[PDB]
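File shown: structure.json (JSON, C-alpha atoms and all ligand atoms).
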```
[["chain", "number", "residue", "atom", "x", "y", "z"],
["A", 341, "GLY", "CA", -14.21, -14.08, -10.02],
["A", 342, "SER", "CA", -15.32, -10.90, -11.75],
["A", 343, "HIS", "CA", -17.86, -8.69, -9.99],
["A", 344, "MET", "CA", -20.28, -6.29, -11.66],
["A", 345, "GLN", "CA", -18.54, -3.42, -9.81],
["A", 346, "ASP", "CA", -15.14, -4.17, -11.37],
["A", 347, "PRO", "CA", -15.58, -1.94, -14.47],
["A", 348, "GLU", "CA", -16.56, 1.11, -12.41],
["A", 349, "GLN", "CA", -13.80, 0.47, -9.86],
["A", 350, "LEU", "CA", -11.29, 0.17, -12.70],
["A", 351, "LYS", "CA", -12.54, 3.54, -14.01],
["A", 352, "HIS", "CA", -11.71, 5.05, -10.62],
["A", 353, "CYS", "CA", -8.27, 3.43, -10.84],
["A", 354, "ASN", "CA", -7.78, 4.88, -14.32],
["A", 355, "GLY", "CA", -8.74, 8.30, -12.96],
["A", 356, "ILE", "CA", -6.11, 7.98, -10.23],
["A", 357, "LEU", "CA", -3.51, 6.93, -12.80],
["A", 358, "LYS", "CA", -4.35, 9.93, -14.98],
["A", 359, "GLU", "CA", -3.95, 12.17, -11.93],
["A", 360, "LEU", "CA", -0.58, 10.62, -11.03],
["A", 361, "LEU", "CA", 0.64, 11.39, -14.58],
["A", 362, "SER", "CA", -0.81, 14.92, -14.65],
["A", 363, "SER", "CA", 1.03, 18.24, -14.48],
["A", 364, "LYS", "CA", -0.37, 18.86, -10.98],
["A", 365, "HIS", "CA", 2.00, 16.23, -9.55],
["A", 366, "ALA", "CA", 4.86, 16.39, -12.06],
["A", 367, "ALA", "CA", 7.35, 17.97, -9.62],
["A", 368, "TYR", "CA", 7.51, 14.69, -7.66],
["A", 369, "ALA", "CA", 5.98, 12.11, -10.04],
["A", 370, "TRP", "CA", 8.62, 12.35, -12.76],
["A", 371, "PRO", "CA", 10.99, 9.59, -11.45],
["A", 372, "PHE", "CA", 8.09, 7.13, -11.79],
["A", 373, "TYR", "CA", 7.00, 7.93, -15.35],
["A", 374, "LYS", "CA", 9.15, 5.32, -17.13],
["A", 375, "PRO", "CA", 11.02, 2.11, -16.24],
["A", 376, "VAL", "CA", 14.20, 2.69, -14.27],
["A", 377, "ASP", "CA", 17.05, 2.68, -16.79],
["A", 378, "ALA", "CA", 19.57, 1.20, -14.39],
["A", 379, "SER", "CA", 22.53, 1.26, -16.79],
["A", 380, "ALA", "CA", 21.90, 4.87, -17.84],
["A", 381, "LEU", "CA", 21.69, 5.95, -14.18],
["A", 382, "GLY", "CA", 24.77, 3.99, -13.09],
["A", 383, "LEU", "CA", 22.64, 1.81, -10.79],
["A", 384, "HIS", "CA", 24.36, -1.42, -11.76],
["A", 385, "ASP", "CA", 22.93, -3.34, -8.79],
["A", 386, "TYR", "CA", 19.31, -2.28, -9.40],
["A", 387, "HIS", "CA", 18.16, -5.52, -11.03],
["A", 388, "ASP", "CA", 19.91, -7.64, -8.40],
["A", 389, "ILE", "CA", 17.94, -5.86, -5.66],
["A", 390, "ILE", "CA", 14.64, -5.23, -7.50],
["A", 391, "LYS", "CA", 13.19, -8.48, -8.81],
["A", 392, "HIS", "CA", 9.93, -6.98, -10.15],
["A", 393, "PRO", "CA", 10.40, -3.49, -11.64],
["A", 394, "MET", "CA", 7.28, -1.35, -12.03],
["A", 395, "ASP", "CA", 6.52, 2.20, -13.19],
["A", 396, "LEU", "CA", 3.57, 4.33, -14.25],
["A", 397, "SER", "CA", 4.02, 3.75, -18.00],
["A", 398, "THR", "CA", 3.79, 0.01, -17.41],
["A", 399, "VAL", "CA", 0.70, 0.46, -15.22],
["A", 400, "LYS", "CA", -0.81, 2.57, -18.01],
["A", 401, "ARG", "CA", -0.10, -0.06, -20.67],
["A", 402, "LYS", "CA", -1.62, -2.77, -18.45],
["A", 403, "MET", "CA", -4.72, -0.62, -17.91],
["A", 404, "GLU", "CA", -5.04, 0.16, -21.64],
["A", 405, "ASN", "CA", -4.65, -3.53, -22.56],
["A", 406, "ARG", "CA", -7.27, -4.63, -19.98],
["A", 407, "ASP", "CA", -4.60, -6.61, -18.11],
["A", 408, "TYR", "CA", -5.89, -5.57, -14.67],
["A", 409, "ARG", "CA", -9.09, -7.43, -13.88],
["A", 410, "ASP", "CA", -9.89, -5.55, -10.66],
["A", 411, "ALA", "CA", -8.84, -2.59, -8.54],
["A", 412, "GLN", "CA", -6.80, -4.68, -6.11],
["A", 413, "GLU", "CA", -4.56, -5.93, -8.93],
["A", 414, "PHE", "CA", -3.96, -2.34, -10.09],
["A", 415, "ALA", "CA", -3.22, -1.15, -6.55],
["A", 416, "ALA", "CA", -0.71, -3.96, -5.97],
["A", 417, "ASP", "CA", 1.31, -2.78, -9.00],
["A", 418, "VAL", "CA", 1.28, 0.89, -7.97],
["A", 419, "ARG", "CA", 2.36, -0.11, -4.47],
["A", 420, "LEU", "CA", 5.06, -2.41, -5.90],
["A", 421, "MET", "CA", 6.49, 0.61, -7.75],
["A", 422, "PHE", "CA", 6.73, 2.61, -4.51],
["A", 423, "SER", "CA", 8.09, -0.37, -2.55],
["A", 424, "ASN", "CA", 10.90, -0.82, -5.09],
["A", 425, "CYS", "CA", 11.91, 2.82, -4.47],
["A", 426, "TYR", "CA", 11.87, 2.30, -0.64],
["A", 427, "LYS", "CA", 13.87, -0.96, -1.01],
["A", 428, "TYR", "CA", 16.63, 0.30, -3.35],
["A", 429, "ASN", "CA", 17.29, 3.88, -2.19],
["A", 430, "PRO", "CA", 18.41, 5.21, 1.20],
["A", 431, "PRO", "CA", 15.41, 6.61, 3.11],
["A", 432, "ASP", "CA", 16.79, 10.18, 3.06],
["A", 433, "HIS", "CA", 17.21, 10.24, -0.75],
["A", 434, "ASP", "CA", 15.21, 12.89, -2.60],
["A", 435, "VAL", "CA", 13.65, 10.20, -4.81],
["A", 436, "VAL", "CA", 12.21, 8.59, -1.66],
["A", 437, "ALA", "CA", 10.75, 11.94, -0.56],
["A", 438, "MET", "CA", 9.11, 12.23, -3.99],
["A", 439, "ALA", "CA", 7.79, 8.64, -3.77],
["A", 440, "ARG", "CA", 6.23, 9.32, -0.36],
["A", 441, "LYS", "CA", 4.39, 12.38, -1.67],
["A", 442, "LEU", "CA", 3.12, 10.59, -4.79],
["A", 443, "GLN", "CA", 2.08, 7.58, -2.72],
["A", 444, "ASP", "CA", 0.10, 9.90, -0.46],
["A", 445, "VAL", "CA", -1.75, 11.17, -3.54],
["A", 446, "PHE", "CA", -2.39, 7.57, -4.56],
["A", 447, "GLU", "CA", -3.48, 6.15, -1.20],
["A", 448, "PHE", "CA", -5.85, 8.95, -0.25],
["A", 449, "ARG", "CA", -7.65, 8.82, -3.60],
["A", 450, "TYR", "CA", -7.64, 5.01, -3.78],
["A", 451, "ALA", "CA", -9.35, 5.06, -0.38],
["A", 452, "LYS", "CA", -12.21, 7.07, -2.00],
["A", 453, "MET", "CA", -13.09, 4.10, -4.24],
["A", 454, "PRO", "CA", -16.84, 4.38, -5.10],
["B", 341, "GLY", "CA", 0.36, -21.49, -6.21],
["B", 342, "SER", "CA", 2.59, -21.80, -3.17],
["B", 343, "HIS", "CA", 6.29, -21.03, -3.58],
["B", 344, "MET", "CA", 9.10, -22.40, -1.44],
["B", 345, "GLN", "CA", 9.88, -18.82, -0.34],
["B", 346, "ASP", "CA", 6.40, -18.26, 1.13],
["B", 347, "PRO", "CA", 7.21, -19.55, 4.66],
["B", 348, "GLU", "CA", 10.26, -17.29, 5.02],
["B", 349, "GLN", "CA", 8.41, -14.30, 3.54],
["B", 350, "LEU", "CA", 5.55, -14.91, 5.97],
["B", 351, "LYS", "CA", 8.10, -14.92, 8.81],
["B", 352, "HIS", "CA", 9.22, -11.46, 7.69],
["B", 353, "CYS", "CA", 5.55, -10.40, 7.66],
["B", 354, "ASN", "CA", 5.10, -11.77, 11.17],
["B", 355, "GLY", "CA", 8.16, -9.80, 12.27],
["B", 356, "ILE", "CA", 6.65, -6.61, 10.86],
["B", 357, "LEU", "CA", 3.35, -7.34, 12.62],
["B", 358, "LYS", "CA", 5.15, -7.87, 15.92],
["B", 359, "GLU", "CA", 6.92, -4.55, 15.41],
["B", 360, "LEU", "CA", 3.64, -2.74, 14.63],
["B", 361, "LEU", "CA", 2.22, -4.07, 17.92],
["B", 362, "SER", "CA", 5.34, -3.27, 19.96],
["B", 363, "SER", "CA", 5.86, -0.55, 22.56],
["B", 364, "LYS", "CA", 8.22, 1.29, 20.18],
["B", 365, "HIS", "CA", 5.25, 2.37, 18.04],
["B", 366, "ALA", "CA", 2.45, 2.40, 20.64],
["B", 367, "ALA", "CA", 2.07, 6.20, 20.66],
["B", 368, "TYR", "CA", 0.58, 6.07, 17.13],
["B", 369, "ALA", "CA", -0.34, 2.38, 16.65],
["B", 370, "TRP", "CA", -2.96, 2.18, 19.40],
["B", 371, "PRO", "CA", -6.04, 3.12, 17.26],
["B", 372, "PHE", "CA", -5.29, 0.07, 15.08],
["B", 373, "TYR", "CA", -4.91, -2.57, 17.80],
["B", 374, "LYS", "CA", -8.54, -3.75, 17.84],
["B", 375, "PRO", "CA", -11.60, -3.59, 15.56],
["B", 376, "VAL", "CA", -13.22, -0.18, 15.42],
["B", 377, "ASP", "CA", -16.10, -0.25, 17.90],
["B", 378, "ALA", "CA", -18.28, 2.11, 15.90],
["B", 379, "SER", "CA", -21.17, 2.22, 18.37],
["B", 380, "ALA", "CA", -18.90, 2.86, 21.36],
["B", 381, "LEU", "CA", -17.15, 5.70, 19.49],
["B", 382, "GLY", "CA", -20.38, 7.27, 18.23],
["B", 383, "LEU", "CA", -19.38, 6.58, 14.61],
["B", 384, "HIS", "CA", -22.81, 5.39, 13.57],
["B", 385, "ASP", "CA", -22.03, 5.66, 9.84],
["B", 386, "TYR", "CA", -18.77, 3.68, 10.04],
["B", 387, "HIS", "CA", -20.15, 0.39, 8.69],
["B", 388, "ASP", "CA", -22.04, 2.16, 5.90],
["B", 389, "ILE", "CA", -18.77, 3.72, 4.68],
["B", 390, "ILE", "CA", -16.33, 0.89, 5.52],
["B", 391, "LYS", "CA", -17.41, -2.35, 3.87],
["B", 392, "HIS", "CA", -14.36, -4.41, 4.95],
["B", 393, "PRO", "CA", -13.13, -3.51, 8.45],
["B", 394, "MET", "CA", -9.58, -4.54, 9.34],
["B", 395, "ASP", "CA", -7.26, -4.08, 12.33],
["B", 396, "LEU", "CA", -4.02, -5.49, 13.73],
["B", 397, "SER", "CA", -5.68, -8.02, 16.06],
["B", 398, "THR", "CA", -7.49, -9.51, 13.07],
["B", 399, "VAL", "CA", -4.26, -9.60, 11.04],
["B", 400, "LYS", "CA", -2.61, -11.35, 14.00],
["B", 401, "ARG", "CA", -5.37, -13.96, 14.26],
["B", 402, "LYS", "CA", -5.15, -14.62, 10.52],
["B", 403, "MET", "CA", -1.37, -15.03, 10.77],
["B", 404, "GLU", "CA", -1.65, -17.34, 13.80],
["B", 405, "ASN", "CA", -4.31, -19.47, 12.06],
["B", 406, "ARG", "CA", -2.23, -19.75, 8.85],
["B", 407, "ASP", "CA", -4.94, -17.90, 6.92],
["B", 408, "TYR", "CA", -2.45, -15.84, 4.90],
["B", 409, "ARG", "CA", -0.83, -18.02, 2.26],
["B", 410, "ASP", "CA", 1.72, -15.43, 1.08],
["B", 411, "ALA", "CA", 3.15, -12.02, 1.87],
["B", 412, "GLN", "CA", 1.01, -10.20, -0.69],
["B", 413, "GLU", "CA", -2.18, -11.39, 1.02],
["B", 414, "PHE", "CA", -0.90, -10.15, 4.39],
["B", 415, "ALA", "CA", 0.13, -6.78, 2.93],
["B", 416, "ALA", "CA", -3.28, -6.27, 1.30],
["B", 417, "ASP", "CA", -4.97, -6.60, 4.72],
["B", 418, "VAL", "CA", -2.57, -4.20, 6.46],
["B", 419, "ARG", "CA", -3.07, -1.70, 3.64],
["B", 420, "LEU", "CA", -6.85, -2.20, 3.80],
["B", 421, "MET", "CA", -6.72, -1.20, 7.48],
["B", 422, "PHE", "CA", -4.92, 2.06, 6.64],
["B", 423, "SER", "CA", -7.16, 2.75, 3.64],
["B", 424, "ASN", "CA", -10.27, 2.44, 5.83],
["B", 425, "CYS", "CA", -8.81, 5.15, 8.11],
["B", 426, "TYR", "CA", -8.08, 7.45, 5.09],
["B", 427, "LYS", "CA", -11.59, 6.81, 3.69],
["B", 428, "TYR", "CA", -13.62, 7.41, 6.87],
["B", 429, "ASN", "CA", -11.79, 10.25, 8.65],
["B", 430, "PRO", "CA", -11.00, 13.80, 7.48],
["B", 431, "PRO", "CA", -7.38, 14.02, 6.31],
["B", 432, "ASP", "CA", -6.41, 16.45, 9.10],
["B", 433, "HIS", "CA", -7.70, 14.17, 11.90],
["B", 434, "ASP", "CA", -5.12, 13.03, 14.43],
["B", 435, "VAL", "CA", -6.02, 9.39, 13.75],
["B", 436, "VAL", "CA", -5.00, 9.92, 10.11],
["B", 437, "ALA", "CA", -1.66, 11.40, 11.22],
["B", 438, "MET", "CA", -1.12, 8.30, 13.36],
["B", 439, "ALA", "CA", -2.09, 6.00, 10.46],
["B", 440, "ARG", "CA", 0.40, 7.71, 8.13],
["B", 441, "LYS", "CA", 3.25, 7.22, 10.62],
["B", 442, "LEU", "CA", 2.39, 3.56, 11.25],
["B", 443, "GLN", "CA", 2.01, 2.93, 7.52],
["B", 444, "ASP", "CA", 5.47, 4.41, 6.99],
["B", 445, "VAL", "CA", 6.83, 1.87, 9.50],
["B", 446, "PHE", "CA", 5.01, -0.87, 7.62],
["B", 447, "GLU", "CA", 5.91, 0.10, 4.05],
["B", 448, "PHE", "CA", 9.60, 0.69, 4.65],
["B", 449, "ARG", "CA", 10.05, -2.64, 6.42],
["B", 450, "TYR", "CA", 7.81, -4.56, 3.99],
["B", 451, "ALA", "CA", 10.07, -3.23, 1.22],
["B", 452, "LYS", "CA", 13.01, -5.01, 2.94],
["B", 453, "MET", "CA", 11.41, -8.41, 2.27],
["B", 454, "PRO", "CA", 14.25, -11.01, 2.08],
["A", 501, "LIG", "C1", 16.92, 11.02, -8.92],
["A", 501, "LIG", "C2", 18.12, 10.09, -9.04],
["A", 501, "LIG", "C3", 18.05, 9.22, -10.28],
["A", 501, "LIG", "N1", 16.83, 8.39, -10.33],
["A", 501, "LIG", "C4", 15.82, 8.51, -11.23],
["A", 501, "LIG", "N2", 14.84, 7.66, -11.02],
["A", 501, "LIG", "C5", 15.24, 6.96, -9.92],
["A", 501, "LIG", "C6", 16.46, 7.38, -9.47],
["A", 501, "LIG", "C7", 17.11, 6.79, -8.33],
["A", 501, "LIG", "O1", 18.20, 7.09, -7.84],
["A", 501, "LIG", "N3", 16.34, 5.79, -7.77],
["A", 501, "LIG", "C8", 15.10, 5.34, -8.18],
["A", 501, "LIG", "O2", 14.52, 4.44, -7.59],
["A", 501, "LIG", "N4", 14.55, 5.96, -9.29],
["A", 501, "LIG", "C9", 13.16, 5.67, -9.65],
["A", 502, "LIG", "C1", -9.17, 8.88, 18.01],
["A", 502, "LIG", "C2", -10.66, 9.06, 17.78],
["A", 502, "LIG", "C3", -11.43, 7.77, 18.04],
["A", 502, "LIG", "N1", -10.98, 6.65, 17.20],
["A", 502, "LIG", "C4", -10.36, 5.52, 17.64],
["A", 502, "LIG", "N2", -10.02, 4.71, 16.66],
["A", 502, "LIG", "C5", -10.45, 5.34, 15.54],
["A", 502, "LIG", "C6", -11.04, 6.54, 15.83],
["A", 502, "LIG", "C7", -11.58, 7.40, 14.81],
["A", 502, "LIG", "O1", -12.13, 8.49, 14.96],
["A", 502, "LIG", "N3", -11.41, 6.86, 13.55],
["A", 502, "LIG", "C8", -10.82, 5.67, 13.20],
["A", 502, "LIG", "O2", -10.72, 5.31, 12.04],
["A", 502, "LIG", "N4", -10.32, 4.90, 14.25],
["A", 502, "LIG", "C9", -9.50, 3.72, 13.93]]
```
Take the structure in the file and give it back as structure tokens.
Amino acid sequence: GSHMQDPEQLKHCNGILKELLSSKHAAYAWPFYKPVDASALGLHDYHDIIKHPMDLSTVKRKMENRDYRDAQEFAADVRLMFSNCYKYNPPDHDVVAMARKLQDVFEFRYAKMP
Amino acid sequence: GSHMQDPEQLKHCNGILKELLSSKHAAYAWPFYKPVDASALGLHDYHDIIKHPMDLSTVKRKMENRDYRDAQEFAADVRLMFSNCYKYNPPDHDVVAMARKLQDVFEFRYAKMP
């Protein structure tokens, strides 16, 4: 059920999303900007291992289209994106190091939810 | 709606929870074993800042009582526990360093969901 705080909480989520896409974090956010193109990257097992792909452009479209009804739904998608990276790649891969840094940006600001 | 995979996914979640409570991680998991006793710790603003307290003993009771119906519900509570730590404490506090390490244990194993 919708709560009167959901619009303002979704604004905070949109602020976080804007930050994740901003130049400040681009050195480690770039692998998450668009859907993984498994074929182009030679990752021919990606869709056998990752059942629910997610990326920041998809989160942005869902925010713009008012798909997310509350902050928890938004956060589950952002976390799904990171989890897919931790599931598919070896833990010492540079893409995992980038994911951990971007997730730290996300989690610390999500925790500041007004 | 319940899925036939929910029991096995909840078993994986229970395995993670057991690991988080195990001696292997006790050096950094201990602040999360029981509900924050704000009065005992002198944290007299804790319940003004943290609207939804969560801790591993509460997660365990909810698992034992079949409160969680799926893995996503379990994961939201574990993540809520970490988020409360990131929201209340300064980011350089030792309890935050412990939270980050325990959350890394959680997220990497949650990502291995069968
Ligand atoms: C930097 C390696 C190519 N690459 C780009 N994006 C990626 C990857 C990858 O190997 N694994 C991933 O999960 N993603 C998101
Ligand atoms: C180690 C400091 C006391 N202490 C114990 N548990 C805590 C804290 C704290 O200051 N902040 C917390 O969030 N928790 C979970």
Practice problem: For chain B, report every residue with an atom at most 7 Å from chain A (counting all atoms listed in the file), formatted as a count of residues only. | Solution: 8
Exercise. For ligand LIG 501 (chain A), list the contacting residues at 7 Å or closer, counting all atoms listed in the file, as number ranges by chain.
Key: A: 371-372, 376, 381, 424-425, 428-429, 434-435
Quiz prompt | Point-to-point distance from atom CA of residue 421 of chain B to atom CA of residue 349 of chain A, Å rounded to tenths | solution =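 Distance between the two atoms: 18.8 Å.
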Quiz prompt | Between atom CA of residue 413 of chain B and atom CA of residue 437 of chain A - distance in Å to one decimal | solution =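 Rounded to one decimal, the two atoms are 26.7 Å apart.
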Exercise. Just give me the residues with any atom within 12 Å of (-6.6, 2.1, -21.9), file coordinates, counting only C-alpha atoms, written as a PyMOL selection string.
Key: chain A and resi 350-351+353-355+357-358+397-408
Quiz item: When you draw a straight line from atom CA of residue 384 of chain B to atom CA of residue 370 of chain B, how long is it in Å?
Solution: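 The value is 20.9 Å.
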Superposed chain B (on chain A, all in-order C-alpha pairs) as a PDB file with C-alpha atoms, in the frame of the given file:
```pdb
ATOM      1  CA  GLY B 341     -14.210 -14.073 -10.025  1.00  0.00           C
ATOM      2  CA  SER B 342     -15.326 -10.901 -11.759  1.00  0.00           C
ATOM      3  CA  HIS B 343     -17.867  -8.696  -9.990  1.00  0.00           C
ATOM      4  CA  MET B 344     -20.275  -6.294 -11.659  1.00  0.00           C
ATOM      5  CA  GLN B 345     -18.543  -3.425  -9.815  1.00  0.00           C
ATOM      6  CA  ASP B 346     -15.135  -4.167 -11.368  1.00  0.00           C
ATOM      7  CA  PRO B 347     -15.580  -1.941 -14.470  1.00  0.00           C
ATOM      8  CA  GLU B 348     -16.561   1.111 -12.405  1.00  0.00           C
ATOM      9  CA  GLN B 349     -13.798   0.465  -9.855  1.00  0.00           C
ATOM     10  CA  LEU B 350     -11.290   0.171 -12.698  1.00  0.00           C
ATOM     11  CA  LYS B 351     -12.535   3.534 -14.008  1.00  0.00           C
ATOM     12  CA  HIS B 352     -11.716   5.051 -10.615  1.00  0.00           C
ATOM     13  CA  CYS B 353      -8.266   3.428 -10.842  1.00  0.00           C
ATOM     14  CA  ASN B 354      -7.783   4.882 -14.314  1.00  0.00           C
ATOM     15  CA  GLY B 355      -8.745   8.300 -12.954  1.00  0.00           C
ATOM     16  CA  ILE B 356      -6.113   7.989 -10.230  1.00  0.00           C
ATOM     17  CA  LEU B 357      -3.507   6.937 -12.803  1.00  0.00           C
ATOM     18  CA  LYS B 358      -4.347   9.934 -14.977  1.00  0.00           C
ATOM     19  CA  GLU B 359      -3.954  12.168 -11.932  1.00  0.00           C
ATOM     20  CA  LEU B 360      -0.573  10.617 -11.033  1.00  0.00           C
ATOM     21  CA  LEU B 361       0.629  11.387 -14.579  1.00  0.00           C
ATOM     22  CA  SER B 362      -0.804  14.920 -14.641  1.00  0.00           C
ATOM     23  CA  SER B 363       1.030  18.243 -14.482  1.00  0.00           C
ATOM     24  CA  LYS B 364      -0.372  18.862 -10.979  1.00  0.00           C
ATOM     25  CA  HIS B 365       1.994  16.233  -9.547  1.00  0.00           C
ATOM     26  CA  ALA B 366       4.867  16.389 -12.062  1.00  0.00           C
ATOM     27  CA  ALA B 367       7.343  17.972  -9.624  1.00  0.00           C
ATOM     28  CA  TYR B 368       7.504  14.688  -7.653  1.00  0.00           C
ATOM     29  CA  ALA B 369       5.980  12.103 -10.038  1.00  0.00           C
ATOM     30  CA  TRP B 370       8.620  12.355 -12.764  1.00  0.00           C
ATOM     31  CA  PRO B 371      10.992   9.596 -11.455  1.00  0.00           C
ATOM     32  CA  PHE B 372       8.093   7.127 -11.794  1.00  0.00           C
ATOM     33  CA  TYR B 373       6.996   7.929 -15.353  1.00  0.00           C
ATOM     34  CA  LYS B 374       9.152   5.322 -17.122  1.00  0.00           C
ATOM     35  CA  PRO B 375      11.025   2.114 -16.234  1.00  0.00           C
ATOM     36  CA  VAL B 376      14.200   2.697 -14.271  1.00  0.00           C
ATOM     37  CA  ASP B 377      17.046   2.679 -16.791  1.00  0.00           C
ATOM     38  CA  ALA B 378      19.568   1.199 -14.390  1.00  0.00           C
ATOM     39  CA  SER B 379      22.522   1.254 -16.785  1.00  0.00           C
ATOM     40  CA  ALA B 380      21.907   4.862 -17.835  1.00  0.00           C
ATOM     41  CA  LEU B 381      21.685   5.945 -14.174  1.00  0.00           C
ATOM     42  CA  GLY B 382      24.764   3.988 -13.091  1.00  0.00           C
ATOM     43  CA  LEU B 383      22.645   1.806 -10.782  1.00  0.00           C
ATOM     44  CA  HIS B 384      24.357  -1.417 -11.757  1.00  0.00           C
ATOM     45  CA  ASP B 385      22.931  -3.347  -8.785  1.00  0.00           C
ATOM     46  CA  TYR B 386      19.316  -2.277  -9.400  1.00  0.00           C
ATOM     47  CA  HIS B 387      18.151  -5.522 -11.033  1.00  0.00           C
ATOM     48  CA  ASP B 388      19.904  -7.644  -8.404  1.00  0.00           C
ATOM     49  CA  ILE B 389      17.938  -5.857  -5.656  1.00  0.00           C
ATOM     50  CA  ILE B 390      14.641  -5.227  -7.500  1.00  0.00           C
ATOM     51  CA  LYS B 391      13.193  -8.478  -8.814  1.00  0.00           C
ATOM     52  CA  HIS B 392       9.926  -6.975 -10.148  1.00  0.00           C
ATOM     53  CA  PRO B 393      10.401  -3.498 -11.649  1.00  0.00           C
ATOM     54  CA  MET B 394       7.285  -1.352 -12.030  1.00  0.00           C
ATOM     55  CA  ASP B 395       6.528   2.200 -13.188  1.00  0.00           C
ATOM     56  CA  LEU B 396       3.569   4.332 -14.258  1.00  0.00           C
ATOM     57  CA  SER B 397       4.019   3.756 -18.007  1.00  0.00           C
ATOM     58  CA  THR B 398       3.790   0.011 -17.407  1.00  0.00           C
ATOM     59  CA  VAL B 399       0.698   0.455 -15.215  1.00  0.00           C
ATOM     60  CA  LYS B 400      -0.812   2.564 -18.011  1.00  0.00           C
ATOM     61  CA  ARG B 401      -0.095  -0.070 -20.665  1.00  0.00           C
ATOM     62  CA  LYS B 402      -1.621  -2.765 -18.457  1.00  0.00           C
ATOM     63  CA  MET B 403      -4.728  -0.626 -17.917  1.00  0.00           C
ATOM     64  CA  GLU B 404      -5.041   0.161 -21.642  1.00  0.00           C
ATOM     65  CA  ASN B 405      -4.649  -3.532 -22.561  1.00  0.00           C
ATOM     66  CA  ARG B 406      -7.264  -4.628 -19.979  1.00  0.00           C
ATOM     67  CA  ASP B 407      -4.604  -6.605 -18.107  1.00  0.00           C
ATOM     68  CA  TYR B 408      -5.887  -5.566 -14.672  1.00  0.00           C
ATOM     69  CA  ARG B 409      -9.084  -7.436 -13.881  1.00  0.00           C
ATOM     70  CA  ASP B 410      -9.891  -5.549 -10.657  1.00  0.00           C
ATOM     71  CA  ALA B 411      -8.842  -2.596  -8.542  1.00  0.00           C
ATOM     72  CA  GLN B 412      -6.807  -4.684  -6.104  1.00  0.00           C
ATOM     73  CA  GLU B 413      -4.562  -5.922  -8.923  1.00  0.00           C
ATOM     74  CA  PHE B 414      -3.966  -2.344 -10.093  1.00  0.00           C
ATOM     75  CA  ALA B 415      -3.218  -1.148  -6.549  1.00  0.00           C
ATOM     76  CA  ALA B 416      -0.702  -3.956  -5.968  1.00  0.00           C
ATOM     77  CA  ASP B 417       1.316  -2.783  -9.003  1.00  0.00           C
ATOM     78  CA  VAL B 418       1.280   0.889  -7.971  1.00  0.00           C
ATOM     79  CA  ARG B 419       2.363  -0.114  -4.468  1.00  0.00           C
ATOM     80  CA  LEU B 420       5.056  -2.407  -5.903  1.00  0.00           C
ATOM     81  CA  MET B 421       6.490   0.609  -7.750  1.00  0.00           C
ATOM     82  CA  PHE B 422       6.738   2.609  -4.508  1.00  0.00           C
ATOM     83  CA  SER B 423       8.090  -0.363  -2.550  1.00  0.00           C
ATOM     84  CA  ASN B 424      10.901  -0.819  -5.090  1.00  0.00           C
ATOM     85  CA  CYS B 425      11.915   2.822  -4.470  1.00  0.00           C
ATOM     86  CA  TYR B 426      11.875   2.295  -0.641  1.00  0.00           C
ATOM     87  CA  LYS B 427      13.870  -0.956  -1.018  1.00  0.00           C
ATOM     88  CA  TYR B 428      16.622   0.299  -3.351  1.00  0.00           C
ATOM     89  CA  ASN B 429      17.292   3.878  -2.200  1.00  0.00           C
ATOM     90  CA  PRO B 430      18.405   5.215   1.201  1.00  0.00           C
ATOM     91  CA  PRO B 431      15.413   6.606   3.106  1.00  0.00           C
ATOM     92  CA  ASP B 432      16.780  10.178   3.056  1.00  0.00           C
ATOM     93  CA  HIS B 433      17.209  10.246  -0.753  1.00  0.00           C
ATOM     94  CA  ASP B 434      15.213  12.886  -2.599  1.00  0.00           C
ATOM     95  CA  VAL B 435      13.650  10.201  -4.806  1.00  0.00           C
ATOM     96  CA  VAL B 436      12.209   8.591  -1.659  1.00  0.00           C
ATOM     97  CA  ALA B 437      10.752  11.945  -0.562  1.00  0.00           C
ATOM     98  CA  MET B 438       9.116  12.233  -3.986  1.00  0.00           C
ATOM     99  CA  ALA B 439       7.795   8.648  -3.772  1.00  0.00           C
ATOM    100  CA  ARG B 440       6.230   9.314  -0.357  1.00  0.00           C
ATOM    101  CA  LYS B 441       4.386  12.388  -1.668  1.00  0.00           C
ATOM    102  CA  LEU B 442       3.123  10.596  -4.787  1.00  0.00           C
ATOM    103  CA  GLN B 443       2.082   7.578  -2.722  1.00  0.00           C
ATOM    104  CA  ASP B 444       0.103   9.900  -0.457  1.00  0.00           C
ATOM    105  CA  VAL B 445      -1.752  11.169  -3.547  1.00  0.00           C
ATOM    106  CA  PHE B 446      -2.399   7.575  -4.558  1.00  0.00           C
ATOM    107  CA  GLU B 447      -3.476   6.150  -1.196  1.00  0.00           C
ATOM    108  CA  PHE B 448      -5.848   8.944  -0.251  1.00  0.00           C
ATOM    109  CA  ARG B 449      -7.642   8.823  -3.596  1.00  0.00           C
ATOM    110  CA  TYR B 450      -7.636   5.006  -3.786  1.00  0.00           C
ATOM    111  CA  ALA B 451      -9.355   5.066  -0.381  1.00  0.00           C
ATOM    112  CA  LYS B 452     -12.209   7.067  -2.000  1.00  0.00           C
ATOM    113  CA  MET B 453     -13.088   4.101  -4.236  1.00  0.00           C
ATOM    114  CA  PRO B 454     -16.833   4.377  -5.107  1.00  0.00           C
TER     115      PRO B 454
END
```
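Each of A:380, A:411, A:396, A:366 was compared to residue 346 of chain A using all atoms listed in the file, and A:411 turns out to be the nearest.
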Self-check item: Residue with smallest distance to ligand LIG 502 (chain A) - pool B:409, B:391, B:343, B:433, counting only C-alpha atoms and all ligand atoms
Solution: B:433
Quiz item: Taking into account all atoms listed in the file, which residue in the set B:352, B:388, B:393, B:342 is nearest to ligand LIG 502 (chain A)?
Solution: B:393
Save segment 448-454 of chain A to a file: C-alpha atoms, as a compact mmCIF listing (two decimals), in the first residue's frame.
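Saved result, out-v4.txt, follows:
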```txt
# COMPACT_ATOMS: atom_id res chain seq x y z
CA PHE A 448 25.82 4.83 2.29
CA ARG A 449 23.55 7.34 0.57
CA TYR A 450 20.52 5.02 0.58
CA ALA A 451 21.01 4.76 4.34
CA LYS A 452 20.53 8.57 4.54
CA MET A 453 16.92 8.22 3.33
CA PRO A 454 14.94 11.23 4.72
```
